[PDB]
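We just call them A, B, C, D, E, F and G in the order they show up, numbering each chain from 1.
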Amino acid sequence: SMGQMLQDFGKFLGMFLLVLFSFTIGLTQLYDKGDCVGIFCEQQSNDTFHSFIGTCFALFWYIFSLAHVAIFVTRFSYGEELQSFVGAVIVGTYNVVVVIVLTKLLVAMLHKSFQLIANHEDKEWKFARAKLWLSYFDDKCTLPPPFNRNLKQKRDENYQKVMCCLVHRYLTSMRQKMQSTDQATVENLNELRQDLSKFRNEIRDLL
Amino acid sequence: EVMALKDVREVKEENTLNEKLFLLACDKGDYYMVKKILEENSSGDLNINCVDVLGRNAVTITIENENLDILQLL
Amino acid sequence: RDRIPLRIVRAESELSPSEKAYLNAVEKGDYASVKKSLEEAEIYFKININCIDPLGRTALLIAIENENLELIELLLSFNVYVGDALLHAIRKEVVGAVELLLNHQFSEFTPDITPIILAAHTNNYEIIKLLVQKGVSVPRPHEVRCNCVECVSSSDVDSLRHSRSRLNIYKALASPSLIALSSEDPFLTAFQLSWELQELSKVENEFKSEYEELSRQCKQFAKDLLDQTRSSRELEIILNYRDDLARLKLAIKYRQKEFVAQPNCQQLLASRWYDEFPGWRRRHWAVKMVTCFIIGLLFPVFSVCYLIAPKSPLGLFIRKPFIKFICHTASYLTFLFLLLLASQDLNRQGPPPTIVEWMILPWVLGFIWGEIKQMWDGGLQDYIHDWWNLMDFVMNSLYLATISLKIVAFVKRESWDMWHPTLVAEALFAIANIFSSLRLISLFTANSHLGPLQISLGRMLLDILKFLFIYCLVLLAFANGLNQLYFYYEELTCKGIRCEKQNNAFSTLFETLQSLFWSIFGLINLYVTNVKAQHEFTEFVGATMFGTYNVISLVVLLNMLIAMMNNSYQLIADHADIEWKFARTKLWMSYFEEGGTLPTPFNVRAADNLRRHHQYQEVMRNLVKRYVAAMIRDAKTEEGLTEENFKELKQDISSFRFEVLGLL
Amino acid sequence: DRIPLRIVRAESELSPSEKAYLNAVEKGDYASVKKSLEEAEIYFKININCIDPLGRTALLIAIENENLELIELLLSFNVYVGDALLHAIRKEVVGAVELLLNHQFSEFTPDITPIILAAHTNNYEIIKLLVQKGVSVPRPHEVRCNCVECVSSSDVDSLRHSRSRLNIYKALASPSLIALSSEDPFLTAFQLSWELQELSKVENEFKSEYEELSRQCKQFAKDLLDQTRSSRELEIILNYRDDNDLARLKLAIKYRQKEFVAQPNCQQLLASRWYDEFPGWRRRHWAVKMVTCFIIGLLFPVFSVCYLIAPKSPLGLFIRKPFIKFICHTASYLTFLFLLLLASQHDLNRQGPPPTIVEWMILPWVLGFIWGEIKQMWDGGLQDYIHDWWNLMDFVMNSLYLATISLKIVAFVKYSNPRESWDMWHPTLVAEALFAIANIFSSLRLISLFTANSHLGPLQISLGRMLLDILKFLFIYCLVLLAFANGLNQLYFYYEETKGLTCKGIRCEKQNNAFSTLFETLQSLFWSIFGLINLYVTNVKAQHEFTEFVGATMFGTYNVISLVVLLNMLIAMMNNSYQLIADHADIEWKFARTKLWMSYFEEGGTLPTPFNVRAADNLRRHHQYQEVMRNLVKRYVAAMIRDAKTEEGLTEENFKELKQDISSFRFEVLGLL
Amino acid sequence: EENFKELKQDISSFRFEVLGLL
Amino acid sequence: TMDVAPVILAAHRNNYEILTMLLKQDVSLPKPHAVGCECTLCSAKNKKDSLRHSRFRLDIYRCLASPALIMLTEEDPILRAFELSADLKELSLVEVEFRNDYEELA
Amino acid sequence: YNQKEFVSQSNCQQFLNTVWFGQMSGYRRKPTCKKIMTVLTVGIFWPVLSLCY
């Protein structure tokens, strides 16, 4: 089920990558005018937003909402209040759009995908297990990784006999299902009324 | 201000009473007046291909009723 | 008192044993017994023809739901009173309604119900056809927003009766049989009726479900009427009908997401989308990407054509809607790459450089001109309905503000004021870059995988904003409380929450709002609730407020948002496919037009009408014939029995039994 | 350029006279079949065994329709009979007495006998006729066997053996056969559901079939209990033992019959036995109930010593009420947790004795808990002890308490100095740590008391049901964690330093050496879910930017795979699990609450923890139980026929029977006139 | 199925009454 | 709709006796083209009526995917069912407008 | 051909189980402790079995 539902993660990963790219462009454009450099430091300096790959790094650690990148990295080093406040508002908008919108959307799509998937999870598991078993059924690859006509006509006749038997059994079974499980319709009632009116007219003509 | 409803497209033609009698006896299984109406059709008082309100002929009506004897007669 | 003495409070009037015998004689279906009872009812005796059961069943009605046509003829021959018996026959769906029409207090049906209204509520094609052959008319309701003397007089007399009568009228008009029978253009009638019913559902707070289901029924009727097309000539006759795909644009205007997103109409739209380029569906995805990249990368050469010689084959290559869409997306990608290069001498005012911010200006001017051109067509209603148009307006406003501020700085670091025009200009440039790069979300509707996800996202943004309203209320409450508590302790190299050592987090209302906003992500530390005055009680009370706000906004409201998003997505995903196809064909018809085909850096008689009307009328009568045939063969069979049909079958065998006994 | 369509499965098309015979017996007329059979007597083109290519022999067509006169007509002509009795049994025609009293593709599996198919159809009448005639179902072996006959049959033909065993168990598990032919239908249903559950466990294939059969047996047992219309009959049913005990109720709990136990009648009986001598407690006002429960809670030791010194006194008999006993046990456990809380409230002693204020009266309570667990393990066996997770938690906490006691007496008689200079494996420190873990387990045992309450009960049961899915996902997360931990350990163990640091690890202010060893890598990757690991722990002191980038990339990949992917997958999967298990929350909550109730029904183990440390009668019991079973089975088969003839779905074969009846009537009057 | 059994019983009763008449 | 035949409609209703007595006479149904076939025959009927061409292909594949026709005219019903399910799935992938009918046929 | 329903049929699954377990048909009826013991014994001396083959 998880392997089946990873496609939802990919389809949503595209949208999140586009949103991340947009906010990375904005923060890099705003903050480019401004030892250990980046977010992988004891004191994460403002220089994390000074490059495109650094901005992608900084906005990547904002997804988990676990204070991996602190908010003082959005402060200019020389006291520009408007630019620092605008960068803080941009980072807050990014954090809202990711954490409080996109993550919950992903949870909702995973809800729908898992409710659809769990109906037939046994069948897919049995198919995958049969593939895994058929990978080991052959004798061409036996040792582990460290140490490494008349017959055709008889087979055709046997397969044709078995196929004819299966065809006969299937036909009788399915005609039993149409006779036993199909519900009546209004057409059946109309046909019954037609037969009754036929018998009434026959009685009228005879008597 | 009241919309006056009218039949925009003509679909059913009544014509004579024999066509309506044939249509009514087709979906009631009235075999003997059906064969009388067919004898009059052989005389030539009516047309075999009659269109009802539903647009179904006598063959379609008796096929819907699933009746083989009157269909064979038709 | 030990036992409850059950009695009959509504005593009514009982019937004589002779009258009861007559009534059960009609109920059983014996011809001779009812005939004899009406013979003694001919003379002025106890048995009367106008006998009313305490259940309310007159003998004519008992004959009506027993489907005994001979008994109904026998009763009408003796002139029993006919009141709502025609209505009972209409609702019963018998073919005795014609002989009820051919003739000459407690009522089950409301007094506003006429035979045509109940026949259309029934949705029987035969009964409606016979009634309009006899001659009927549905009274025309007033406008959705009207102020008439008669309307307000009827509302003052009876608002319940007025609302019920209007609902019955609109239920009668919205029936598929009445539209397919009594309207010249069933598609336009269905479209306008669905629009009117949606506006009435908006206007009428009560009965909203009824009008909504009536509009859904009209849309479904339009979809099943379009489903009867078996030829592309008929489809091109219908969709191009104007009284260019005029009817398709009309259906997009009326938000008919079932007429649209039909496989025949979608196949026609896909044929128009890949104009003169077959085999595109028969290709590999890598070849798809390679062809898309090699057409997008060569876009300015294509845009050079049709600017001088539109009659060239390369000038007609841009006329293909798919190639035009690819060229537009490549132009937007080039503009975004120019923005990227702009993002990648410290003077007070700065002229734009040569490589970037000078080459960008034709794109911005073309975007403004295109926004004005799209504002010209369709008015301001479609501009404010489409949220992407609002996003484009905001982005262009930010761009023009940036240009104006740059001009003001030009002709009028670490030293300027924070209110300086250059700083504001670059901040607005960054925000406009965010908006311009976020515009690319709208490109996902063309793709078959990222389309429905984005459509569902845009569908549930309204619910998200509805939740954000109550969250902002909670935030305002807790911010007011924390600011009231903590503003007596206010004090510094860096004041606020955006420093390494956070201080004065709740000293002002703005800082309190910022700290409570950042507390969702855990970016506000725990020492910000500690004052330097060593008042441990107020510190504990402020920390308790912070904890209560964190609980409400994280354990409670966030998971509440999760649950309601799950419910909203489950509701959306049923019709997400048709919603995505509606958005995709809107995007396709945005490029189907022959106007505004240039990309952004370069965009700065009665006889033929009668023949078209005759062709459309022939196609329409063929379509409604196929539709009534499909409804006949889907309604007369493949539908469960009621308890009545068996009851009718029982009356038939019983009447046959008494007829046989009378014969012998 | 066009696909040719030719009949490959070729069959004989018979003769037009035989087609006339077939449509004559399809229409249902009497004279035409007479004429055809008389022509077949003089060897016309019509034969009696006219094999339709669909297998519709004229006997089978006459059996499919419910016209017994035509059935007797072709049975009087010596028409060859094969599986036509099985066809009449499957068709559920009561007129199988003619087929019973008379004298390879076959539409049925070759081991199917008439009794097996009659039990499959679940028709009481046909089963009654077949048992009256004399039938025998082969006895299946038990679930796990290695006898030579079964392994020989499986070696010869495993599919046929599995189908035959499934058919036999389908026949035995039918409600009609159990109601008609079993001595004790309740015991038969319980044991049959147990064997079908075990067979579903063993047979991985046909798991749904055996699970459906077990659910059918449980549903039959619930319906048979539903027909009790007196309290005397319910007391006879529930107290019956094969050899006021409620032995059959205990057997149904043992066989995991949740629907049988959660039936409202036995629920009311268990509530009456629960509130022993409590007039109007179930309708009392709620805060009055709370005040009275508090009053009995503070009065547990006086009742306990009253039971100690005078069990015959009314004060000593007040503890014999199961609700009062439960209240006193909960009050005792609350006193134990209060003492545990007082242990922490209000040293440099290397050999610290237990303080007399708190710890000295903790020891007898630990001995009482251990003795109670030993007594519970002795009386009931070890399988039911390991089936309950709370018993495992209690065993863990008692083992921890015993280890704490042993370490304390070891630290008293040996290793007899400031606190900061002690060894890191000092026995006093280990005793304190194990005491803290045992305190956590003891205070976490309070969630088992939520089952008694009607509001927190189903919620606690649902959380316990979702704990299994929690562990199932934790296995996958643990595999991911070991993968990324070994990767980060292999990358980062070269950059391990001491540098005179007082800290080495992630558990202090300056986080360092996060991925130096595998243990520290596992700890650092464990704490990344909660965001207590900072970003600078992926940095080395050297100027190696490539290894730092690889470590940051692997850390970010692990963070994505856990938090974004696996946590949201877990949220969706437990969303689905709670949607699935909330439909049946009431029956499992009532089952668990009844298990808790009859935990306090027995006379043994009455005292709380600090003070815990013949033939004629059996024959008349069998007669009474058999008469109650006769009444219950009669009511159940009556209701089975009532509910069965009011099935709201009408098929299409009955319309064909109506057509055949109308056509036969029409042909009969046409022959008469 | 109750009303189907009612139909069968009613048709059988009519058939047997017709047989009794003739 | 005119593109059907008695054999096509009989396979559409999935009636075994009607099909097996319509197969007593010699009946041939038109072989549909491959999912990648773009020859002149496939590029002439679509221009005349693409809707009729699509409905005709859908009706042919609905007739072929009927169980009873697989019993009556094929030597190996299992292999025919396998290959037909694969072909209908790739047709649903190719024919994006009519993918629901092809998916339900697979 | 991605026939998931054909593969997940109980007859096909039982046949797959019989082919998969081979000559050790008693493993399916063995108790769980014997099953883990068999798995551990076959897994511990895997190079011995490989070299002996």
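We adopt the following convention: a residue touches a chain if its C-beta (ideal position, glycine included) is under 8 Å from a C-beta of that chain, and two chains touch if they have at least 3 such contacts.
*Asks:* Pick out whichever of the two, D-G or C-E, is joined by more C-beta pairs in contact.
*Replies:* Contact tally favours D-G.
*Asks:* Per-chain Cα mean versus the mean over all protein Cα atoms: which chain has them closest together?
*Replies:* Taking the mean of all protein C-alpha atoms as reference, the closest chain is A.
*Asks:* What is the distance, in whole Å, between the centres of chain B and chain F, each centre taken as the mean of its C-alpha atoms?
*Replies:* 36
*Asks:* Counting only Cα atoms for the centres, state how far chain E is from chain G in Å.
*Replies:* Here the centre of chain G sits 63 Å away from the centre of chain E.
*Asks:* Between chain A and chain B, tell me the centre distance in angstrom, where each centre is the average of that chain's C-alpha atoms.
*Replies:* Between these chains, centre-to-centre, one finds 57 Å.
*Asks:* Cα centroid separation between chain A and chain E, in whole Å?
*Replies:* Distance between chain centres, rounded to whole Å: 60 Å.
*Asks:* If I count partner chains per residue in chain F, which residues reach a count of at least 2?
*Replies:* Residue numbers touching two or more other chains: 71, 75.
*Asks:* Identify all positions of chain C at which a residue touches two or more other chains, and write them in rising order.
*Replies:* Expected reply: 522, 562, 566, 636, 641, 646, 649, 653, 656, 660, 664.
*Asks:* What are the touching chain pairs in this one?
*Replies:* A-B, A-C, A-D, A-F, A-G, B-C, C-D, C-E, C-F, D-E, D-F, D-G, F-G
*Asks:* Can you list the chain G residues touching chain A in their complex?
*Replies:* Going through chain G, the ones touching chain A are 4-5, 7-8, 12-13, 16, 19-20, 46-47, 50-51, 53.
*Asks:* Along chain F, where are the residues that touch chain A in the complex?
*Replies:* 16, 67, 71, 75-78
*Asks:* Which positions of chain C touch chain F when the two form their complex?
*Replies:* Counting only chain C, the residues touching chain F are 229-233, 235, 263-264, 266-267, 270-271, 278-279, 281-282, 448.
*Asks:* Mind listing the chain A positions that touch chain G in their complex?
*Replies:* 120, 122-124, 126-127, 130, 133, 137, 142-144, 146-147
*Asks:* Which chain F residues qualify as touching chain D in the complex?
*Replies:* That would be residues 7, 17, 20, 23-24, 26-31, 64, 69, 71-75 of chain F.
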